[PDB]
Amino acid sequence: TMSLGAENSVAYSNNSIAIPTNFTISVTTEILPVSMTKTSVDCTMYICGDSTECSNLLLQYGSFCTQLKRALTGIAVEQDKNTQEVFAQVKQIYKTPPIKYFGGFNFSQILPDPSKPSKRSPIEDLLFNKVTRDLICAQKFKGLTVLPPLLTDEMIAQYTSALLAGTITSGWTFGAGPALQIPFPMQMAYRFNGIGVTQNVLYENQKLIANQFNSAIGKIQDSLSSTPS
Amino acid sequence: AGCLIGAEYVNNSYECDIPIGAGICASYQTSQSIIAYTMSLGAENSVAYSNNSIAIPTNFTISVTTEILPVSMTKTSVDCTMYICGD
Amino acid sequence: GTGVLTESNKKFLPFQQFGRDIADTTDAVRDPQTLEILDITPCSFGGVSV
Amino acid sequence: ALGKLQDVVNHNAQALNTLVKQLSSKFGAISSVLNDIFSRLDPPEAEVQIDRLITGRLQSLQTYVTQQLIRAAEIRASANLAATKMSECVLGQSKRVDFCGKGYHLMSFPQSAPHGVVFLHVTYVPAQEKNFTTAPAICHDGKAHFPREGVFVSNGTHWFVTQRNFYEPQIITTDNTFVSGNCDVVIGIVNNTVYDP
Amino acid sequence: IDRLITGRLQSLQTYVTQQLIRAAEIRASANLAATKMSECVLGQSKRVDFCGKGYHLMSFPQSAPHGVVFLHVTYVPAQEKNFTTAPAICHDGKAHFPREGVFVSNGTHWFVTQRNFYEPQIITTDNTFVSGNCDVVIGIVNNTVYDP
């Protein structure tokens, strides 16, 4: 019988309170599809196939090859629009500064690596190495063609770099107007005020939180590589 | 994506007007002829990041935008006995 | 069928005459007169967009 | 401008134009007119010919209903989004970025539209920013003073405390700052003086 | 020939039908990704479980094949310790309610700490406001409210 989990009985009293004394910064991952494969079909090749007599009989079913091709065309435009509403949310394409000393936080795994020609971060490199005549050319010979997306993988990597050069060098200012510079140690001081804790919690424990963030972001490369699913 | 015969590839980058594919867009700009180009993602701004530098705005501008959202479609009602069997 | 009849490097067995692809499509064939194994590739097609 | 509203109108029009044109498509029969088949054919054999049309026309009508159910889900998703957006942007002030337009949402006004609704999101966009010198905390009486609600800025010589979204220079007093710890753990703490009221 | 043309035409419509239903599933996930791209990355969100499991601090978008990977930086408390609480305290006849915090006691003394971290501070007249007498609140204790 499937078990729901452990049975923890929280001791409830009229004068009992549990106030935390320490914190553990955790970096969790989230997977969401944004785009689908842009496909297109050919009526003449799929229905009959390398023939002329059958093509004449297909003319009777008139509005049956243009309603399907137009329906798949709307999907192709949809897939090119689902990427603009997600990645293309900022007008100016920001760039990371040369000096990458952000107070003690190491973003080397999420910032783009200029060494490789793809200009992608090590985290993104692991993602493209897991999400995979041949089958691609076989289906082409029947009418099934995979149209290429509008935004290439290189352009999407530039949109992500622009969203990271405004999240580290700035805060919530580049998504609601002009980009306002602000130190990263002072940025998280205001983000801590949103959850309830004051600013002295971050400054008096800056080195501790910096080590926890670097350790949490370092296990993401191992967690995704280890777990195949 | 294919072989574009009828346009010229200019090195300048503009906004995407007619999406072709694989980052290539087309437009009818000026002699008037169809030109092809690589779509530009936007301007290249560089935010100066320093350990003791912050930017505080001094003025503000109230902007009123618009957002169109469909609510309902055309309510249809077909007649099965009339559409299939016409008189 | 229709298509281009080019040479191939697929090593056929003596009793093998025809050859299909993964999607059940004739990709290679053995010539009846000469024991040469060709490569049937479809005629160049595609889709135009104006 | 009003392009999202003309999309659902042209789709319903095209759906009714392709459905009405399928009546002129012989689904393997001798003709497309029912009266011509019934008249120019004997009853036993006319059944075979008339069954090819009723099969195609009933399948073509089913294809229309199938597309209308998928299209209604898109409208229902846009209707639930507009109902949630109007309830959060018009009847309240939402703190969700980009939800009630781009920028700091102040208010919104709904307006009727043919088969839709047009929102007028009144946002707050800052402008005319200036570069200043900042510091996490200050040290006057050997103890660190953190900004309660604001940011410690400096014009080059003096130190002031301003808001996070509007430059309003104010003197650093013991009322807009709180003390926490000594001046040894905070990195980058400047030495300034506070003014006790 | 009318058996294969019709059979292949209906099978092609079956493909388009499933492609339109799966497009709505992708569009729903794309709208959720676009919503989290502006609420988790373009700012801090106070929605629980939305930008990760825990108190959301920051998020970093990462590109992926046919998708996006969000790295949510959350705040997770740990090392919990039990204390003794009280709604308000009574000094000089009036009740003192805390402005932003909670009254805790280590057994003998009373302090005021924030609701997400243990920072013991003395009960002053700057973090507690007076409102009402000491005969309506049930559970009020007696203490000394220091004043600067």
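Here are a few things to note about the model shown:
- For D:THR123, the stated conditions do not hold, so it cannot be described as more than 28 Å from E:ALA28 (Cα to Cα) and at the interface with chain B (Cβ under 7 Å from one of its Cβ atoms).
- Extreme residue, surrounded by the most Cβ atoms within 10 Å (Cβ to Cβ), among residues of the range B:36-87 that are among the aliphatic types (A, V, I, L, M) and more than 7 Å from every other protein chain (Cβ to nearest Cβ): B:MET39
- Scanning the range A:35-68 for residues that are under 17 Å from D:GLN67 (Cβ atoms) and more than 9 Å from chain E (Cβ to nearest Cβ) yields A:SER63, A:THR66.
- Pairs where the first residue, in the range C:11-27, is at negative phi and more than 9 Å from chain A (Cβ to nearest Cβ) and the second is surrounded by 15 or more Cβ atoms within 10 Å (Cβ to Cβ) and of a type in the set (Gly, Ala, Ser), C-beta under 6 Å, 6+ apart: C:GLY19/C:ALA28
- Long-range neighbours under 6 Å by Cβ, at least six apart or interchain, first residue closer than 15 Å to D:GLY101 by Cβ within the range D:114-130, second assigned to a strand (DSSP E or B) and polar (S, T, N, Q): D:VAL118/D:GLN111; D:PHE119/D:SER108; D:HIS121/D:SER108; D:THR123/B:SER63; D:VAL125/B:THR61; D:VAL125/B:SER63
- The range D:134-167, residues that are facing chain B (nearest Cβ under 9 Å), part of a loop (DSSP other than H, G, I, E, B) and of a type outside the set (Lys, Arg): D:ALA135, D:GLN163, D:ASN165, D:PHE166, D:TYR167
- Residue check for A:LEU135: at the interface with chain E (Cβ under 10 Å from one of its Cβ atoms), out of contact with any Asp or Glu (no Cβ under 8 Å at 6 or more places or on another chain) and either surrounded by 19 or more Cβ atoms within 10 Å (Cβ to Cβ) or under 30 Å from B:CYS3 (Cβ atoms) (or both): no
- Qualifying residue in the range B:9-22 (condition: farther than 28 Å from D:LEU2 by Cα and of a type in the set (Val, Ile, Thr)): yes
- Scanning the range E:28-47 for residues that are assigned to a helix (DSSP H, G or I), among the aliphatic types (A, V, I, L, M) and at the interface with chain A (Cβ under 7 Å from one of its Cβ atoms) returns E:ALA30, E:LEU32, E:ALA33, E:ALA34, E:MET37, E:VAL41.
- The listed residues are E:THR6, E:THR14, and the only one of them that is more than 31 Å from the chain's Cα centre (by Cα), among the hydroxyl-bearing types (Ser, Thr, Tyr), assigned to a helix (DSSP H, G or I) and under 29 Å from D:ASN80 (Cα atoms) turns out to be E:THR14.
- Within the range A:59-70, the set of residues being buried (at least 18 other Cβ atoms within 10 Å of the Cβ) and within 19 Å of A:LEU144 (Cα to Cα) comprises A:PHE64, A:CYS65, A:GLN67, A:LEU68.
- Reported count of residues in the range E:48-57, each being crowded, with 18+ Cβ neighbours inside 10 Å and within 7 Å of another protein chain (Cβ to nearest Cβ), is 4.
- Meets criteria (in contact with a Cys (Cβ under 6 Å, 6 or more places away or on another chain) and either surrounded by fewer than 17 Cβ atoms within 10 Å (Cβ to Cβ) or part of a strand (DSSP E or B) (or both)) for E:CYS90: yes
- Residues of the range D:107-143 that are within 18 Å of A:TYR203 (Cα to Cα), out of contact with any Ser or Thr (no Cβ under 6 Å at 6 or more places or on another chain) and either surrounded by 14 or more Cβ atoms within 10 Å (Cβ to Cβ) or of a type in the set (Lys, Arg) (or both): D:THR134, D:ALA135, D:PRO136, D:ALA137, D:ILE138, D:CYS139, D:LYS143.
- In the set (1) under 17 Å from A:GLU85 (Cβ atoms); (2) buried (at least 22 other Cβ atoms within 10 Å of the Cβ); (3) touching a helix residue (DSSP H, G or I) at 6+ places or on another chain (Cβ under 9 Å); (4) not basic (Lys, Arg), the condition left unmet by E:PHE60 is number (1).
- Filtered residue count, the range A:16-60, keeping only those that are in contact with a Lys or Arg (Cβ under 9 Å, 6 or more places away or on another chain) and either more than 30 Å from A:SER223 (Cα to Cα) or not in a strand (DSSP E or B) (or both): 13
- Selection within the range D:166-184 - surrounded by fewer than 17 Cβ atoms within 10 Å (Cβ to Cβ) and farther than 16 Å from D:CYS139 by Cβ: D:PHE166, D:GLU168, D:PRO169, D:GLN170, D:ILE171, D:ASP175, D:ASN176
- Cβ pairs under 9 Å, 6+ apart, first in the range E:41-64 and under 19 Å from A:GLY171 (Cα atoms), second part of a strand (DSSP E or B) and among the acidic types (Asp, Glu): E:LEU42/D:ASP98; E:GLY43/D:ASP98; E:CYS51/A:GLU30; E:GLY52/A:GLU30; E:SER59/A:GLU30
- Taken over the range B:15-52, the criterion of being part of a loop (DSSP other than H, G, I, E, B) and in contact with a strand residue (DSSP E or B) (Cβ under 6 Å, 6 or more places away or on another chain) is satisfied by B:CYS16, B:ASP17, B:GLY23, B:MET39, B:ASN52.
- Of the residues making up the range D:93-119, those that are away from chain E (no Cβ under 14 Å) and either under 15 Å from B:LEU69 (Cβ atoms) or assigned to a helix (DSSP H, G or I) (or both) are D:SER108, D:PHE109, D:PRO110, D:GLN111, D:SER112, D:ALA113, D:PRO114, D:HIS115, D:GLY116, D:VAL117, D:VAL118, D:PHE119.
- Number of the condition not met by A:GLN79 [criteria: (1) under 29 Å from E:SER38 (Cβ atoms); (2) among the polar types (S, T, N, Q); (3) part of a loop (DSSP other than H, G, I, E, B)]: (3)
We place every Cβ from the backbone using ideal geometry, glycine too, and count neighbours over all the protein chains shown. Read the figures in this text as sums done on the coordinates, not as results from a lab.
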